[PDB]
Every structure is written in C-alpha cells, then in structure tokens.
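Asks: Residue numbers (PDB author numbering), protein chains in the order written: chain A, 1 to 109, 116 to 175, 179 to 563; chain B, 1 to 86, 89 to 563. Heads up, the beta-carbon is just placed ideally off N, CA and C, and yes, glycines get one too. Right, I'll just put the structure down here and ask away after.
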Ligand SMILES: CC(=O)N[C@@H]1[C@@H](O)[C@@H](O)[C@@H](CO)O[C@H]1O
Ligand SMILES: CC(=O)N[C@@H]1[C@@H](O)[C@@H](O)[C@@H](CO)O[C@H]1O
Ligand SMILES: [Cl-]
C-alpha cells in the first residue's frame, strides 16, 4: 500500500493569500457530505460546528465529512476515530473508515469529442483516500476528511457517542449516532439491481501486470469488493475483441479465444472468461453475466486464423447470412460451455442500441443458436422488444408504463434505467453535486424500477488519481472508483441512496402487512420529489435530505 | 492452363540486324542441352544437325534441345514428337516445351561470389533461356530471334531394349518447316522409378510463395491443387525431405514470401500451453502422398533474430519471447513445445523421420541448442546445414557441409553404417558450380556427379520455389545472384537447371547399381575406372576440365557398361 501513495496535479487556480489573511490559526469543523470543498479557499464555514448528530439502522453504512483549513504548513495530518459507546455497549472503531477527500482535475458541461482547455479546468474533491495514513498540507489550503461508520448488524439500539481526533505535528470533534431498532440486511441480500460495467484491462494496464495473473486478481479483489458492497449484481464480460471499438482508454480484449483451424473446425477457449467470472462470483457478484457484444460499434469481428497464423476480421452486419453463420457457430459452443458450468440461466447476450432492423436480426440469430439464451439491452424504449429482453435498461428520459413494469416483474425480468453523457443532471461526473449520485437510487424507488445502470465503474484514463478528463465526454464519465481500491464521493452517495431504496422496500412490506395505508401514501408523496423535470423546483440536495428524514422517522 | 500463359520481359539487349544479314531462311537444328541460346543472336550452329542419337537405360528420363532461329516472323511455332518405334515408346511419355527467357544479372563485380544485398541498377541485366514451358502450345517469334525447344523422353520401365526411331516435326504459319530425326538406343539395364532412388535430394519448399503468387488462401483446396504438380517436380527428381516451419519466420523473412508457423503456439492464461498441428499435419500428409516421405526438417530453433512469436491468450494478442540458446528461458520455452511435439509425432508415426533443423552459428549456440533438444527427447533427430565440426558428428543425424569442406572417408562410412545422412550444399558463396539463372546448364548436373565422387548421400539447396514477385519474367532479387531463390516456375514448369540436376541424379543411381554388380562379380577393374572418371568432379579442377566437358565424358563412360 506504500506504492499506492501519490501526488495530486497542480491546482490551475492560484491561491489568493489575501483571502487567507483573516485565517489566523488552523480551523477544524464538521462540514457536509453534500459539498466538495475547494482546496485553495478557506472553508465557507463562518463559525465551527463541533458536534455531528446521525441516525441510522443497524447494518447501515452512514457517512460524515469534516474539514480542516490552515494558514500554515501542517505536517502529518491524521484523523482517527474512537470507539462509539452507549452505556456498556460499543461500536468498535474497526468498523469506522477514515479517508482524506483528495482532489482531481475536472472540466464542466456532455457528449461528443473534447479538446480540454486547461483554462476550463479546476481541482475538485472526489477521491476517498483511506490508504495514505498521513498528509502534509501546504499553507493556505483546505482538506476534507470522510468518515464512514459501518454499523454492525448485532449492534444494540440507542445513543452512541464518540470522538474524532485530528492531529498534525488540534481539535476533537464530537460524533453522536442514534442507532434505531430496525436492521438493514447486508449488501449480498439487497434487491437493488446495480450494474456498473467493469474494465479489468484498465487495471492490468495501470499497474503494468499480466492480465488475469495472480497479481492482477490480487489488485482487483479490493477494487471489485467496492462494487459488491454497493450491491453490484452484474458481471461484465467481453466475449469478443473490442465490443465498444476502443472508446475507453483501455480497450476491452476478448476473454474468449476464437481459433479457426485450417480444417474448418473452431477451437473456442473460455479460460479467461471462466477465471474472471469465478473471481467475481467469489466476491458476491453472481446474479447475472452480461456478454458484449454481438453488435459492436464497428461491425468487424476478429478471429485467429490458423491457416495464415494471424488475426483476421470478418466484416458482416446483422441481417446477413455470414453474420448468422459466424455467431451461430460460436453461440452454440458457448451455450454448451455455460450449461457445463451451470451459468446458462444467468448469462445474457448484451446489446447497446441500433436501428430497429439490426436489433431484431441479431435476436433471430441468438434464438436460432439457443432459444433459451437470455438477452439484454441498454438503450431506447421499443414496445417491439418487451417480451424478448430479459434485462431492459432505458434512458432516464423515457418511461415504461406501470402495466409494462408489472408484466415484466411477473415474468421474472429485470427493468432499470441509466444515465450517461447525455444528461446534465442527475449524474456522476466529477463536478456533479454529491447528492445527485444518491438521487439516482431514490429515482428507481419512485419509478418502481429494479435499479440503476452505468456504463463505467473503472475505465480509467491515463492518470485517474490526478486528472479525470478524457478525449471524449465530461470528466468522470469513465469511472467511479480509483486506484488503490479507493472509493469516490459519488459511489459513497450512491450506496447511501441504495440503502434507502432497501429501507423503503422493507417499510412498505411492513406497512402493507399492517394495513397502515397512510404511511404508504406518505412515502409515495415523498418519492414524488425524484422526478427529472422537477430539479429546478426542488434541488437534488434538498430532495435527498428531506426524503432521508421521512424514512428515518418510521 | 490458359491463365498460365504469359509474356516475357523486354530484352535489355537490342538486336543487331547485321548479325542476321547472313541468315536467309528460318533454320532448325538439333542443339545441345549444354547451351542456353541467346534470343537476339543467331544460333552458333555453323551447319544444321538433322539427327540426334541418344542412349539410355529403361526407366531413364533423357532430354535433347532443338533450336529454331529466324530472320522473319514465325506465327504459331509448334513442336510435336512421334511415337518412337523399333515395339513402341508411346509419345505420351514425351514432353515438349519452349525454352523461355527470364531476366538475370551476374556474379558480384569481383567475380569471387554472389552474396550480399544488391540494387539491380548497379549490375548487368540480360535475358537468359531457362524456363521449360510445356504449357503454352504455340509461340509467335519476331524477326531476327532464336528459340529453344526442350524434349524429355521418359522411357517406360517395361520398354524392350534396342534401337528406337522417331520424328520431331516443327511447324509455323500452318506449314511444316523441318522434320528432325530422333534415335534412341535403349540398353538392357533398368533404372528404378524416382521413388526408389537412394540419392538424398533436399530442396527447401516454400508453400507461402504459391499462396501469395496465385492469391489463394493458404492450405485451402485450391492451394493444394496448385501445389500438387509443382511439388511433383521435386518428388520426380528424387526429393526426400519435407520442409516445415514450426514457428513464425524461421529465416526472418529473407525471401519475398516469409514462412509462417505451421504450428499454433497458444499460451493459456492458466499457465498451460496448447499446441495445434493441423497445418503441419496437412502439409506433411500432402507431401507424403506425392512420394516425399523420407524426412521432415523443422525450422527453426535458432532463427537470426532470436525472437519467438506465440499467441498470448491473457491479452488475446501475439507476443515475442526474446531468448537466446544458453538461456534458461530459451530452454523452458522450447522444452515445453518439443515435448508436446514429440508426443504428437509419435501418435502420427512420424517421430523417427522428424529432424529439428539448424543453420550455422557459433559453436556455443549449437551445443546449447542440442542440450535443449536432448532434454526434451533424447531420441529427437537433428540436422544441420553449415560448417564442418568434429564435435557434432555423432549428434547430427543429417549433416550437410559446404562444398569447400570435406568429411574423411572413415567419417562418411561410420555415418553410413549408423544410418545417418551426409551431404553437401552450395548457395550464394560459390561462383561455380551453381544453379543461378546465368550458370552453365551442365553445372547443375555436375552437382550430382560430385556427390558420387565424394561418396556423399546427395545434395541440398535452400530454395526450390521461393519466388520473387514476377518469377516467370525476372529472376533477380534484392539479395544474391539471380535464380538463387528458385529452381521451378509457376505452372509447374521445370527449369533447365532442375532437368540437368535430375540427369545427374539418374547417373548417381547408375553408378551405384553398376558398383553393386561389379563388386559381386569381382570386376575390380571396372570399379577403378568408374572412380578415375569420378576424379574429374573436384571443385578445384574446374579450370583444368570445364564442368561441361567433365559431365559429357563421364556420361559416356557409364553408358558403355
Ligand atoms: C448504456 C450506455 O451508457 N451506452 C453508451 C455507452 O457505451 C457510452 O458510450 C456512453 C458514453 O457516456 O454513451 C452511452 O450512450
Ligand atoms: C544452409 C543454408 O543454405 N543457409 C543459407 C540460406 O539460409 C540462405 O541465406 C542462402 C542464400 O544464398 O545462404 C545460405 O548460407
Ligand atoms: Cl522466413
């Protein structure tokens, strides 16, 4: 973990020392989890808050942010948290995670290719750095601290008190936690269908290790554990070469060997695919495997040609007999392999969104190969595809009818929504407001959707700890977690949202059973705030904060 | 075969019409198989020879060359040969072709060799007669030009001995121009068919040149159908060795068409390897079905560049191991392939004939490579074309030496008794004897007589068909003297060079059969006479006795017995 230490990029905004003239000693205060504090300006806190009061269920993860700002050098700034105690009972401080909220270069408003102008760029607080044990802060700088309390499941309900000690070579901040009588199940038991596409090739490139070696998997374990502890349900698999035509910094390579032998037979080898899938299942991501893609963005299919001992490409489009023959041959081998492994029922062939013609022709092919193959799609609403798609994810702008949703729930199908570079808000860009990430989970509860999908968990740019920009899209679009298995503010807020989606579900189960129709109509009145057309009437921060309080009263 | 028709390149030497002023009508004559007749000059034949007398054994292939030269246009020149009669040799056994022209250059300016890179502009160029074109049925000759005709008589085995007579008819613009008379004395000895010859001929095959030239998929049905008559030329010359590339670019692409790997090298992401031999197997079976079945030579454990390609599953891409003989990494990489290869070859029944094949390198390298092979399987056969080393004489099952160096007679006999193969080669180093397109035809035959003189098992050359871009028109290349990279042509057309080499090989077989008969009969004199004749084929004696003279004298001596 010493090799995981790093330096931030230079701040493109210079520090005005006159703005710091009024700061006479180092300051410390509780801040808000809704705010990313600027590095180069004093915290906008005009008198310090020494106490923080939190409420949570047993089993819940709950966070707070403190801020330190200093007109002099602070050597070896450290945070530590006491045990929390309530009479003779204790939440042990092993369950409490601290991190420095570190800075990354971002830009602004979001689709299409970009030239970064470094004139348009700024440092923003986003990285939860729980690895570096101390930081030295330069004079005239501000530094956030993130505190995560993982409340154990067997914790006694009641009032817990504890201390956050900040040192540099001070103050104590007070932490109060009301633990309620209700229990939140562990992440492995959450209903919420979270899908954040994984990029293992980004990790092998960043650390310069052999793909799918022991070192590669050792590096991925804590990183993918971040996804599984957020309720991650879906394994991403690239079953061919460059499903997305190298749109990310690191292209996805094939996890399947496509070897066309010189006698006309094919040898398909799934060694990589199998290792990746088994690895992710051992971490608790086991609900679904999504296989990309039969319809890549460029319709050119790589295979290893033995006769010439080289890579070749079939150029073939859905609706062609050649496309049908090429995919039938692989999909029928793949079907047998999956059935041998016991993964067939959960494996989905996964599309991205194309002219209607294309998608139906691709579907014919899949069905000829095996009638029971499951299929998924993230794209636009089409009535034509509602009975064929076992997992259907729709743009936030479009809606399924309530009858469509129940028909799909009745049939055992998954129904979700996504955002990407199209939507200014809500989103998980590095300059997005933190509460927008939590908002996304509340929106799923409002819509009776099964969850939320985003296209990039960890498709890291070149220097993801320093600069979140990319040659396409708004900064942060390509990843939500960082090298070192470091979380972001964005993923932490999303996880709080998902925990509340589970609370709502548990509360409605209890209220329906007891005939408490009033409590149900109130939860639904509160859920009305999470409409994507109503964000100028009620800000995402305000909606999220009001809704949290309502659910916690029950 | 209509798609196999072609046009020659322009002659870079213009025609001197004063040199033709003496030629008043078309001339037709028997010529010599020792001469490549120049296109732009009259045949150097001071008066026409109408009769050709040949002698041969039953089973022997024997050739003659006629020449036509003309001061006027000859439209649709054609040759045809009658049955030969006494009993009959049917004319189905007789092949005719036009001796067509290819651009050639010359030795290195110093005249001492022909190796090293070259620009064509720094060297002469000239058209030379070399292609035996048996496919094109007629040619139109321009005024003031000369054209050779090659005639091959394949004497069937059951042919009755005695005097055979027949006619070669040459026609143009409809009419007959001349009949030439062909006489053939068939002797009461029998030469076995090529499949039964002892002579160890190794001419390295390049299947990738054929797939490129015809633009077909490698190791497809079309590719093999094209290669069948072409590789049959090699088998009918006594070819014994199948060339296999068991890794990517054994010679680092030194020829126009690089050799690809006939073996899939797949490093799986779980630490195991998968090797697949589907190409290798198809190529080997194909070549064995044509009668090339004695030996398979696998190139190479020691390429110049020392960079070994493999398919890396984890990254789904090609990678290269840089590892040198004498390194543990080289040893681990090759051991793993060679042990899998060993099992495969045993499953197929090919292990006893398969040789791992080196080219020449520092002594250190070769012995370290040998340790690796032996660790993999102690019974792996090994071969080498290079320099003489006493150190390697028990380890090399097939040892081919430069013509300049010698094994002792004891070394040869020890190697023969152990069942090993011992040969020599030439390449770009030797000005003569050689098979450059400008080399004298008899030099190709000479090579086989030299093997008989040295008690060697045969002869090796590095390129049967490593065709340049336009091999029918221009035999030059970016390296070496013209013709160094191939001996046969598109259309399964033979060269003068391969036809003469084949005659030499037939005589090597005759010598062997005659010595078997003379030892058994105690006729020690006839044996001492054959050896006195074989003394002419020394590579230091070519300024005392020209290769042509030596070959012609020797042929006569053997044919008297
Ligand atoms: C379901 C989804 O997110 N699809 C694409 C995604 O592949 C990526 O290109 C993204 C860039 O932000 O644009 C989205 O249209
Ligand atoms: C064994 C042998 O023939 N080796 C090389 C051959 O690879 C080729 O480069 C040739 C060119 O004429 O030169 C030979 O020395
Ligand atoms: Cl090569």
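Are the CB atoms of residue 106(B) and residue 484(B) within a distance shorter than 7 Å?
Replies: yes
Asks: Grouping DSSP H, G and I as helix and E and B as strand, with all else coil, what is residue 109(B)?
Replies: coil
Asks: Would the C-beta of residue 246(A) count as close to ligand 1, meaning under 6 Å from any of its heavy atoms?
Replies: no
Asks: For the region 201 to 226 of chain A, which residues have a CB atom closer than 9 Å to at least one CB atom of chain B, in sequence order?
Replies: For the region 201 to 226 of chain A, the set of positions with a beta-carbon nearer than 9 Å to some beta-carbon of chain B reads 210, 213, 219, 220, 221, 222 and 225 in chain order.
Asks: Residue 316(A) versus chain B: which residues are under 8 Å apart at the beta carbon?
Replies: 219, 220, 221, 222 and 281
Asks: Indicate whether residue 20(B) and residue 148(B) have their beta-carbon atoms separated by less than 7 Å.
Replies: no
Asks: Got a sec: is the Cβ-Cβ distance from residue 270(A) to anything in chain B below 7 Å?
Replies: yes
Asks: What's the C-alpha gap between residue 517(A) and residue 481(A)?
Replies: 42 Å
Asks: Just by C-beta distance, which residues in the region 328 to 361 of chain A are closer than 8 Å to chain B?
Replies: none
Asks: Could you spell out the range, first to last residue, of the beta strand (DSSP E) harbouring residue 244(A)?
Replies: 243 to 247
Asks: CB-CB under 6 Å to residue 310(B), same chain, minus the five flanking residues each way: which ones, in chain order?
Replies: Once the five neighbours on either side are set aside, the close Cβ partners of residue 310(B) are 323.
Asks: Is the shortest distance between the beta-carbon of residue 262(B) and the beta-carbons of chain A less than 7 Å?
Replies: yes
Asks: Counting pairs of Cβ atoms below 8 Å between the region 20 to 33 of chain B and the region 154 to 169 of chain B, do you hit three or more?
Replies: They do not touch, by the three-pair rule.
Asks: Residues of the region 273 to 298 of chain B with a CB closer than 7 Å to any CB of chain A: list them in chain order, please.
Replies: 278, 280, 281 and 284
Asks: Could you say which of 276(B), 508(B) and 259(B) lies nearest to residue 265(B) if we only look at CA atoms?
Replies: If we check each option's Cα against that of residue 265(B), 276(B) comes out closest.
Asks: Which one of 82(A), 72(A) and 135(A) has the shortest CA to CA distance from residue 8(A)?
Replies: 135(A)
Asks: Out of 101(A), 89(A) and 359(A), which one is the CA nearest neighbour of residue 79(A)?
Replies: Nearest in C-alpha terms to residue 79(A), of all of 101(A), 89(A) and 359(A), is 101(A).
Asks: Residue 471(A): which of 57(A), 141(A), 492(A) and 454(A) sits nearest, CA to CA?
Replies: The candidate whose alpha carbon is nearest that of residue 471(A) is 492(A).
Asks: Counting only the same chain and skipping the five closest in sequence on each side, list residues whose C-beta sits under 7 Å from that of residue 174(A).
Replies: Closer than 7 Å at Cβ, skipping near neighbours: 74, 75, 76 and 77.
Asks: Within the same chain, show all residues whose beta-carbon is closer than 6 Å to that of residue 452(A), passing over the 5 residues directly before and after it, in chain order.
Replies: 539
Asks: For residue 138(B), go through chain A and note every residue whose CB falls closer than 7 Å to its CB, in chain order.
Replies: What residue 138(B) touches in chain A: nothing, since even the nearest Cβ is about 32 Å away.
Asks: Is there contact between the region 252 to 265 of chain A and the region 347 to 354 of chain B, where contact requires at least three CB pairs shorter than 8 Å?
Replies: Using a C-beta cut-off of 8 Å, the region 252 to 265 of chain A makes no contact with the region 347 to 354 of chain B, since fewer than three inter-stretch Cβ pairs fall below that distance.
Asks: From the DSSP output, read off the bridge partner residues of residue 357(B).
Replies: Its beta-bridge partners are 299(B) and 383(B).
Asks: Just checking: is the beta-carbon of residue 266(B) within a distance shorter than 7 Å of some beta-carbon in chain A?
Replies: Yes, because at least one Cβ of chain A sits closer than 7 Å to the Cβ of residue 266(B).
Asks: I need the boundaries of the alpha helix (DSSP H) containing residue 217(A), first residue and last residue.
Replies: DSSP places residue 217(A) in no alpha helix (DSSP H); its state is neither H nor E.
Asks: Cβ-heavy atom distance between residue 301(A) and ligand 1 below 6 Å?
Replies: Result no, Cβ not under 6 Å from ligand 1.
Asks: Tell me whether residue 288(A) sits in a helix, a strand or coil according to DSSP, three-state version.
Replies: helix
Asks: Among the candidates 122(B), 137(B), 368(B) and 556(B), whose CA atom is the shortest distance from the CA of residue 476(B)?
Replies: Among 122(B), 137(B), 368(B) and 556(B), the Cα nearest to that of residue 476(B) is on 122(B).
Asks: Among 468(A), 200(A), 352(A) and 391(A), whose alpha-carbon lies nearest the alpha-carbon of residue 364(A)?
Replies: 391(A)
Asks: List the residues that DSSP assigns as beta-bridge partners of residue 97(B).
Replies: 154(B)
Asks: Spell out a yes or no on whether the region 46 to 66 of chain A and the region 501 to 519 of chain A are touching, meaning 3 or more CB-CB pairs, one atom from each, closer than 8 Å.
Replies: yes
Asks: Anything in the region 496 to 517 of chain A with a Cβ closer than 8 Å to a Cβ of chain B? List those residues in chain order, please.
Replies: So nothing in the stretch comes that close.
Asks: Using C-beta distances below 7 Å, list every residue in its chain close to residue 109(A), excluding the 5 sequence neighbours before and after it, in chain order.
Replies: 433 and 483
Asks: For a contact meaning CB atoms closer than 8 Å, what does residue 250(A) contact in chain B?
Replies: Contact of residue 250(A) with chain B by beta-carbon distance below 8 Å involves 318.
Asks: List the residues of chain B whose Cβ lies closer than 7 Å to the Cβ of residue 310(A), in chain order.
Replies: Near residue 310(A) there are no residues of chain B at all, since even the closest Cβ is about 13 Å away, more than 7 Å.
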